[PDB]
Amino acid sequence: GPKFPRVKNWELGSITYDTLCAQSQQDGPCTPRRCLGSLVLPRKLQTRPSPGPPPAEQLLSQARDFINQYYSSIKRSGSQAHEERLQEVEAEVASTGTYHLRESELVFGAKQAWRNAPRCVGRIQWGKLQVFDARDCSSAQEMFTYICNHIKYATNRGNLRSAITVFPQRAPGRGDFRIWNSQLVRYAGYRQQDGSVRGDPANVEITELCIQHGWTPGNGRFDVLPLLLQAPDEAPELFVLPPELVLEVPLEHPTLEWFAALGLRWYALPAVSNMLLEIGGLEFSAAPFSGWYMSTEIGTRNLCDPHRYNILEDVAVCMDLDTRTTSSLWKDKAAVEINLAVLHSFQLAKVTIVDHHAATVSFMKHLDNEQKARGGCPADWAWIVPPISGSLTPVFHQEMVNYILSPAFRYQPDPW
Amino acid sequence: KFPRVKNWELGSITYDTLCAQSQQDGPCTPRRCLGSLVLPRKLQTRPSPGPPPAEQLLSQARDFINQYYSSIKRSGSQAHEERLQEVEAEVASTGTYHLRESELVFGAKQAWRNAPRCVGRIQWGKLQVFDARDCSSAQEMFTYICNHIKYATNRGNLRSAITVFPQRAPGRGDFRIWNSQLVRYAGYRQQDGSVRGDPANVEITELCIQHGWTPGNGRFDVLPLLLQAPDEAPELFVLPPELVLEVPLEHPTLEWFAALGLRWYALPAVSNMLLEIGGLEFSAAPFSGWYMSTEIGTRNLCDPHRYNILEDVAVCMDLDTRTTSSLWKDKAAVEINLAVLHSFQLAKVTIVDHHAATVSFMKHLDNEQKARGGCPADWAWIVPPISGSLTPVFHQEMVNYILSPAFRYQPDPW
Ligand code: HEM
Ligand code: HEM
Ligand SMILES: Nc1nc2c(c(=O)[nH]1)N1C(=O)OC[C@H]1CN2
Ligand SMILES: Nc1nc2c(c(=O)[nH]1)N1C(=O)OC[C@H]1CN2
Ligand SMILES: [Zn+2]
């Protein structure tokens, strides 16, 4: 039939064709010879530091393309304002080598980047995003103020609101604005004498970086790390978040009374801060964004991953399961109870959260909306399907097409 | 060119050089990944009314013969060169050729070893190969099939096996087993759009009835086989009940579970895939091993488009089906997979849980890295349907490509 990828849902038997992928202008890591779709950090998108100013041409075409997307979103494609903005952009790049976005263009680009993220299952909310324009920020100290305002607004005392703060873009012949921390909220990871780790193993390096930069470490499993903010050409400055700004949820179980005694907990705000926001060729090296958690991120990955908190065995022992044999499914049982605890504790604390069933059901709805709206939706199957109960959620049975669209959120090298 | 593959749990890294041996194209391109699609748009295996190009067939053949003599370390011997002579001579004159039993045995094992979607490949070297190429009727296929079943089941101590029927020929139709598996439960489309039994088998159940089968009306009625000999209408054969080992499901602690009347057969035998060896195609080559508990407990019994028993079990457990946040689905699912493991083990029937299975696959990935410099794996199929990140394969990056010998999908004969 149609010359576009044919996509099938095996639960419903329905079919669709992805025409949106025809708009992709950035190559992925796959070829007809082999699929590299399951690689976390394949070397393509990877926004490696490209110091020396970019080719006035490649920048222009990217810019023109973005401006077209913008005028199309407001329905003025081909108008005088559209042709004037195009002229104004190339004129800017013509003398300065770069250009700037109008306020409304930044808001549009930012939402679109979220909309284009193949690995995000919460995209049904893409239209509701608070965009804080912080392109006037000129110091590491101001960055901190902006971030604190972000955390405050986004947290909204448990009734979380999606938001993103955009700091100044990459400027040729000038340093980058960078947040060294992967997330605005991170638990310290202390490398023990015996080689083990106290706290969160994922954050061992950043923890040791904060220390080397004057941070006085603690010794708990849930110590909130300080922020390492870097302004152009200056060394990173250390900033401690005021405890009142970091909302946390102590974990307890609805029926297993001993669970509370485990002393487990997690913060309410998931805010990625080390990714690069790219719009029309312009690169925003510092643009932290936040939403709310899907229960499996905490209950399954963060708490049960072998290289993270790894509490599966502890809980199983408390539940008196046979951890000596796989066939007892002690891991499966404990994990289920841990995820339930996360859901229960967040609900009790009146802090926003969404389980993997509701999350994926709503993503299916997002897929229908996008099918009608753009003729498809780029999606990374391995990241969309939850870490537990895969085939129990609708997305498992939904084939997906993955490709790169811009604006986009990209990975970037560590500043150190 | 060679992909860097990483395991995020251990931080270890390997480079896949085996993927360079791929000669067949997948569905992906630099523009977009289609790695999650179950079927190709047309990569299948088109008709065989005409002879395959001598140039192409000969190259696939020579490549295979090379693979074979290399496996027995006689790479270069006179035997090797003369076998190439034979194949060349046969293709040149007849437009095709035939395999020796030893080569066919090597090819079958290699096809399994190269199957990207198979998580039990650590067993790849242990495969009983039944040569059924001297078959000329559906009736004969049936006899071979029952022998395969009796041997593979082995009173509960399942043994991996494959039966290979006559290859495809340009001058005639194919030998085909219409059923997708040698053992399947009927799916009757009842008046109200409903479906009694396994919804996955509605179409094949109708075909059997269309060809004279007297249907039952249970939820687990073993279907009869529709075997097709070249250019002939398919024939109906009922499998001797004593050959079809079934396991009644009960729970180790929940007494009421058994009351549900759930059961599942012991032998998983795919019979609708095409086995390709050295350019030759075997349209009928049923193969079997043993089940991984999640295939039954999670997919077959819990998929919404299958038996869909999740809710019934939840209610029996008296769970809160009001909201999704109570995780009633996850809880019922775990118990169902537990009931499956308990029952098969009680009945002394071979089964493997998803933790043990993936752990063995990780070891297999390691063996293959040293042996061939890589291993094609389909991440979406390798990672189990429940407790994905609780297993080691989830954290393992994987490269997927097509190697030959291969098991491929082919069109439905009807
Ligand atoms: C509204 C609630 C939201 C939910 C429940 C949600 C949920 C998720 C989940 C489950 C992941 C995978 C995380 C992981 O496994 O590491 C993810 C990834 C992602 N989300 Fe969303 N998301 C939401 C909001 C946001 C917002 C506001 C943005 C940006 C404006 C966004 C951008 C992304 C991106 C870029 C990724 C991929 C990051 C990577 O490649 O590692 N998400 N999201
Ligand atoms: C020894 C026990 C074995 C186990 C535990 C095992 C397990 C599995 C599992 C879990 C699947 C996915 C099933 C599905 O989701 O539909 C699979 C697929 C597959 N297995 Fe294995 N396997 C074993 C033996 C075999 C044998 C003997 C062969 C062939 C000689 C084989 C060939 C394949 C192939 C070709 C696929 C993909 C089938 C398809 O595309 O539907 N397996 N295996
Ligand atoms: N959501 C999500 N899915 C994922 C991942 C991840 O980090 N997040 N990855 C891992 O953690 O390991 C590999 C890969 C597979 N699927
Ligand atoms: N094992 C296994 N994994 C799978 C599948 C399957 O059939 N078996 N597919 C489905 O059932 O839907 C899509 C795709 C995803 N992963
Ligand atoms: Zn791919």
Side-chain angles (χ1 to χ4, degrees), chain A residues 8-11 37-41 45 110-126 128-131 154 160-166 182-183 202 269-272 274-277 287-298 300-302 305 307-308 352-356 358-360 362-363 380-387 390-391 394-400 407-411, chain B residues 6-9 35-39 117-119 200 292 294-295 298-300 303 305-306 354 378-385 388-389 392-398:
Chain A
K8 174 177 188 170
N9 178 296
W10 296 79
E11 176 193 346
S38 70
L39 305 203
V40 173
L41 308 172
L45 286 177
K111 286 183 186 175
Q112 203 71 353
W114 178 7
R115 189 185 197 179
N116 293 340
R119 293 174 171 177
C120 186
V121 71
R123 278 179 287 169
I124 188 181
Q125 295 280 151
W126 84 266
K128 197 196 301 172
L129 179 68
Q130 175 54 49
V131 174
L160 282 60
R161 297 177 293 212
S162 304
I164 182 182
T165 295
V166 185
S182 62
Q183 283 191 28
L269 193 74
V272 174
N274 63 172
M275 290 188 84
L276 186 157
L277 168 54
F289 57 81
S290 62
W292 53 80
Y293 272 119
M294 173 167 78
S295 64
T296 52
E297 290 178 273
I298 301 170
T300 305
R301 302 307 308 290
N302 299 347
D305 268 5
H307 51 296
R308 292 297 293 286
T352 308
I353 194 159
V354 68
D355 66 77
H356 49 289
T360 57
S362 79
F363 181 71
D380 189 332
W381 201 92
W383 281 61
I384 291 300
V385 177
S391 64
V395 294
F396 183 93
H397 315 284
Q398 178 65 59
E399 304 183 323
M400 293 174 206
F409 279 112
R410 307 172 183 291
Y411 289 127
Chain B
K6 176 174 182 177
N7 173 296
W8 296 79
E9 165 187 349
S36 81
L37 311 213
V38 181
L39 315 169
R117 291 171 176 186
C118 186
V119 75
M292 174 165 79
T294 51
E295 294 179 80
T298 301
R299 304 303 309 280
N300 302 347
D303 273 0
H305 51 298
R306 296 297 295 282
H354 52 296
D378 190 334
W379 198 94
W381 279 60
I382 295 304
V383 171
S389 67
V393 292
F394 182 99
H395 308 284
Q396 178 65 61
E397 297 187 325
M398 298 176 202

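Each ligand, and each atom within it, is numbered from 1 in the order the structure gives. Here is the naming used below: chain letters follow the sequence lines, and residue numbers restart at 1 for every chain.
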Quick one: ligand 1 N/O to protein N/O pairs below 3.5 Å?
unit_1, atom_1, unit_2, atom_2, d
ligand 1, 40 (O), A/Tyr411, OH, 2.7
ligand 1, 41 (O), A/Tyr411, OH, 2.8

Quick one: are A/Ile164 and A/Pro288 in side-chain contact, heavy atoms under 4.5 Å? no

How close do A/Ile124 and A/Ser362 get, counting heavy atoms only, and between which atoms? CD1-O, 3.5 Å

Looking only at heavy atoms, which two atoms of A/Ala154 and A/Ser290 are closest? And how far apart? CB-OG, 3.5 Å

In terms of heavy-atom contacts, A/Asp380 and A/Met400 come closest through C-SD, 4.5 Å

Contacts for ligand 3, heavy atom under 4.0 Å, by chain and number, are A/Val40, A/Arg301, A/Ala382, A/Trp383, B/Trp379, B/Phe394, B/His395

State which residues pass side chain to side chain donor-acceptor pair (under 3.5 Å) with A/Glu11; sequence neighbours excluded, sorted by chain then number. none

Shortest non-hydrogen pair, A/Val131 vs A/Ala110, comes out as CG2-CB, 4.1 Å

Tell me, please, whether B/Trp8 has B/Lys6 positioned over its six-membered ring: NZ or CZ under 6.0 Å from the ring centre and within 45 degrees of its axis? yes

Is the ring pair B/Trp379/A/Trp381 parallel, tilted or perpendicular, if the boundaries are 30 and 60 degrees? perpendicular

Which residues pass the side chain to side chain donor-acceptor pair (under 3.5 Å) test with A/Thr300, not counting sequence neighbours? A/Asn339

